[PDB]
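In C-alpha cells, the next block holds one chain alone, the form deposited in one PDB entry.
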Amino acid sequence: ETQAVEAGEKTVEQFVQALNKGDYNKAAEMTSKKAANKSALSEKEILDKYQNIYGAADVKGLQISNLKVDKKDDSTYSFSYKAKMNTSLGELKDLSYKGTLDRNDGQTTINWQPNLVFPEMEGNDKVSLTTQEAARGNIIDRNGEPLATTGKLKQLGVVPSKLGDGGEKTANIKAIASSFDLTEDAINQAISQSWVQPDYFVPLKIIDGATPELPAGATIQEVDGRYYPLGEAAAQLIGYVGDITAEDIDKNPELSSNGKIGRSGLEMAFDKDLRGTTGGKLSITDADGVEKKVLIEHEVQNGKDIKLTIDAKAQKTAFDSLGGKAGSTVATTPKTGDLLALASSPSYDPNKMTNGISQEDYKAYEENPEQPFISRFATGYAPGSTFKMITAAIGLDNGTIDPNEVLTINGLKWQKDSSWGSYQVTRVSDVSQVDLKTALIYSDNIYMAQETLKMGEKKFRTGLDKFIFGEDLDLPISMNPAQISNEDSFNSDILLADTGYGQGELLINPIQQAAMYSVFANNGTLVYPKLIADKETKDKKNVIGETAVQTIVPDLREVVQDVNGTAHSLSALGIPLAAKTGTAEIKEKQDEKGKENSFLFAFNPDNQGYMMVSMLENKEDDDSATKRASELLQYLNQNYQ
C-alpha cells in the first residue's frame, strides 16, 4: 500500500523540466538540505552552478528516458535515467544519471550532487567551455556583390545604472516604451537577466529607420547581424534566417542550440553549405583545471560562399519596375541559361523578418491577398498569348501552318461551330485578313486558335512533348513541373483551341517559360536555366527547327517596329528587340468579372545577349508589362551582349 514513487518520479521530472527551461532557481528549490547524505551544496550554490555551466553552454532540450525510481529504505529512494541535451556545440546523447532522494513531511527532494550536472563529476570538479564561432557564408551575385552577408545593425539597448532610481527609472522605462513601441515588462525582463551588470549594455530591439530622441539610459550600438542589401527586391529568392529552436534540433543533432538557420529561399536551400561548423570544446576538469573528460570537441569551419548567376542591379531594376504590384520578371542570358534576375512582387522586408518582426506585421504579410511571400517566378501560371509563338513554331515544323495563308476573320469573336454553345475565342483587334506575321504583330488569338484546331491535338502535343513539360528542373528552388493540361488528352476542341494561345490548363512558371522561350535565341536548341554560377551549361537540341525560328524571329521584330505591333511603344528606346506581348484571361467565382494578366517576352535578336519574360498580374486600366519594361531592357541591352 505504497504510492510515494508517484511523487518520487514526479520530482525528478519537475527538476528536469526546470533545468530544461533555465529556471535554475526552481530546480535548486527542489533539492534537499545540505548534509553528508543529502545535497552537497546550499541551494544558492546549486542555482549558481547550473547558471554558470548550463547557462554558458546554453543548454536546451534536456530529455530523459528509462526513469526508474526504486526505494532502498523508508526515507530514501534511488533513481536513474538516460538523457540527451543540446548545447551551443551540439547534442549530447547517451548520458547516464543516478542519485537518491529524501522523503519527509509529505514532500520529496533531490539529494543533489555534482553528477546531476554531468555524470562522473564529483567534488569540486569544474566545466570548461570554449567556443570558436563560425561565420555564415555569403550569397553573392555574378560579380561578387553581396545578396546575403554580414552587416552592421542598429541595436537599441539600455544601461541599467544609467536608468536612475525608483520613480525616475520607471519614468525612463515608460519613455523608452513609447519612443520604440515596446512593453515595459519586455524591457524589465530583459534587464533582470543574470549576465547583466550595472554598467553593461542590454539589447532590446533592432532600429530599422531613423533613431528617435534617446531617453536617459537608452543607447544605440552598431552590432553584427545577417544583412540583405537588396531588401525586399530579392527577398523571395534569398529568403531569411531565424533563431534555432528545438524542432530543428530534433531533426539535426549537430545544430548548435543557439545559432541561425535559413527559413526560406536560398538561405534555407543552402543552409548546410552556408552554416559551416561551430568549433570549441566542452569538458570536465578537476578542481585544478586538469582535463578529466571531453564531452564535445569540434574544429571550427566557416561556412562557404554561394555564388549565383544573379545580377544585383538587374534584380533591383526588375523588382522596382513592378511598381509594388503583383507580378514577376525573370531575365537571362539565353545562350547559357544564367538567371540574371528573379523578381516577385509584392514582397516582404527580409531584414525585418530576421531581426524580430512583430506578430501583427507578420500576419499582415501572410494575410495580404496579393501574397508577398510567394515566389511568383516559381509558381505555375497560364503563360498567356505570348505562347502563340510556340504554337506557331510547332505548326511551321510539322507543315500544318503556312506563313503565307491568309485567314478571313470577321469581328472580335469566333467559334468553330454551334457545339461550342455560348463560348467564343476573343481577339483584341478587328483585322480582316490575317496571316502568321499579322497574327503575331496584332496578338491575334483567333488566328492561332483556328490554326491549332486545324493542326489537331496529336500534332500539337507531338510538338509540345519536345519541350520540358513534366520535367523537374535542376535548380535549388522549389517548384512543380510544367503541364500542358490536367490529363493526358484535352478531350475538348475548346480546351485544345485555348491552349494554342496560352490559356486552358497550361501551367508554366516564369523560369520554365524562359527555358522554353530560349529556343528563339538558340536556333531551336533549348537552354536550361542555371542559378549557380559554376554550374555547367545544359541544353536540348532540336526542340524546334531552324526554319521555324528564322521565320518567327523577324516577325517578332515587327511586334516592335510595326506601328501596329503590340510592343511598338518599345521602338522609341532605339535598341534591337524581338518581342511578343500576351494576355491571359482567367475566370471568376467571387468578383464575377474576370481578371487579366499582362505579359512581355523580349530579347536581343542581333546578339542573343539577354532575354526577359515579365508578367503584371491582374493589370489595371492601361498598365501593362510592356509599359514597365523599358528600364530593365535598357540596362540588359547595355550590359549583356
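Numbering starts at 1 and follows the sequence shown. Just so we're on the same page, rigid core means the largest C-alpha set that superposes within 1.5 Å between forms.
Annotation for 319 to 327 versus 256 to 264: the higher mean temperature factor (C-alpha) is found in 256 to 264.
Look at the C-alpha B-factors of 238 to 246 and of 195 to 203. On average they run higher in 195 to 203. The entry assigns its greatest Cα B factor, within the set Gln51, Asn604, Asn37, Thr583, to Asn37. When the C-alpha B-factors of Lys335, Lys437, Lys154, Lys98 are read from the PDB record, the largest value belongs to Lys98.
Per-chain ranking of the deposited C-alpha B factor places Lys541 in the middle third. Among all modelled residues in this chain, the alpha-carbon of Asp498 has a temperature factor (C-alpha) in the lowest third. When all modelled residues of the chain are sorted by CA temperature factor, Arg628 is found within the lowest third. Ranked by Cα temperature factor within the chain, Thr2 sits in the highest third according to the deposited record. Annotation for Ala579: C-alpha temperature factor in the lowest third relative to the rest of the modelled chain, per the entry.
The same protein has a further form, the form deposited in another entry, not shown here; the description that follows concerns it.
With the two forms fitted on their core, the C-alpha shifts between this form and the one not shown stay under 2 Å for all of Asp472, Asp94, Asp488, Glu360 except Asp94. Here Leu182 counts as shifted, since its C-alpha moves by at least 2 Å between this form and the one not shown after the core is aligned. Once both forms are overlaid on the rigid core, the distance between the two CA positions of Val12 between this form and the one not shown is 2 angstroms or more. With a cut-off of 2 Å and the rigid core superposed, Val127 has a Cα displacement that reaches or exceeds the cut-off between this form and the one not shown. An increase of at least 3 Å in the separation of the C-alpha atoms of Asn66 and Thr245 is found in the other form, compared with the displayed form.
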